[PDB]
């Protein structure tokens, strides 16, 4: 579908600690969202269960780059009886000094995820020994929101 860029993040889930850790690592080949410029990307994470947004986090903003590096870690309290139902939604947006920020693209992993998104989630569930990083193709916001609704 649309060439919007790719996002790399790691996942780890430790049931005895009830802790899900998501590290936003880097993105690549992001779409330009500023006329006569590049983009000023930041990343949002939503933790969702049953269509309800339970937690939200945001990375810092990187100026003028289509290939940002973050290495920003976020942790979430998720008990073992809930982990199978959660969705981790990752959105890359372009910060604008004036007006609304511009969503570049979005992806989710977790309950009801598909393809490489499901694979990453499954790998996390099987291997709490270490964080597992994987790249993900960004999709247009409208498409992902439809799959989450």
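For clarity, a rigid core is taken as the largest C-alpha set superposing within 1.5 Å between two forms. Residue numbers count along the first chain shown, from 1.
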{"query": "Comparing 60-68 and 100-108 where Cα RMS over structures and residues is taken in 4 other deposited structures of this protein (core fit), larger one", "finding": "100-108"}
{"query": "Stretch departing more from the displayed form, 24-32 or 44-52, Cα RMS in 4 other deposited structures of this protein (core fit)", "finding": "44-52"}
{"query": "Of 21-29 and 135-143, the one with larger mean CA B-factor", "finding": "135-143"}
{"query": "Segment of higher mean CA temperature factor, 85-93 or 47-55", "finding": "47-55"}
{"query": "Identity of residue with top Cα B-factor, from 124, 109, 104, 98", "finding": "98"}
{"query": "Relative C-alpha B-factor of residue 38, binned into the chain's lowest, middle or highest third", "finding": "highest"}
